[PDB]
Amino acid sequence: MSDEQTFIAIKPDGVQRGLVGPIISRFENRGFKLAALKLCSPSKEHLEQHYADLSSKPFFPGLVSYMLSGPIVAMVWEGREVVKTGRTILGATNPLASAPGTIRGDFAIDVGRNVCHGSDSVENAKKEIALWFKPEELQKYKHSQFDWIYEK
């Protein structure tokens, strides 16, 4: 289905290195629809809930602490199989294992500075979308190019 959504966050290093526009354009150019966008500085408790599936692991306080270093750009992109295609566009979580042409493959090196966060799954996406955005922040509109992007 074409209304599938996914959560993308530009991490503090993505913002600080000036990669907002480029990252947005990779999703814009692919035909996905921008459903929500905001520059925010989430609470530690917010970030702890975001990564709660990693709360047991040793790098957790450092991950959360890193992610407070400055504002994050939170986005929802909408389209058919966008979560999986989002993951493909971002590249592998480890940038050194990413293909050139992907975001991390073009712009990143270290797993701890991998510029972007993408949902692992439709399941996680709905979870992460709900955490970072109120329903009113999700924009309901039809893509002007819908019928040229999708056949069904």
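We number the residues from 1 along the sequence you see.
Taking the mean C-alpha B-factor of each stretch as recorded, 51-59 and 64-72 are not equal, and the higher mean is that of 51-59. If you compare the C-alpha temperature factors of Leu131, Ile24, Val15, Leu138 in the entry, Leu138 comes out highest.
Sort the chain's modelled residues by C-alpha temperature factor and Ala35 lands in the middle third, per the entry.
Among the modelled residues of its chain, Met1 has a C-alpha B-factor that falls in the highest third, as given in the PDB entry. Looking at the C-alpha B-factors along this chain, the one for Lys44 belongs to the highest third. Ranked by Cα temperature factor within the chain, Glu28 sits in the middle third according to the deposited record.
The deposited CA B-factor of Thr93 belongs to the middle third of values across its chain.
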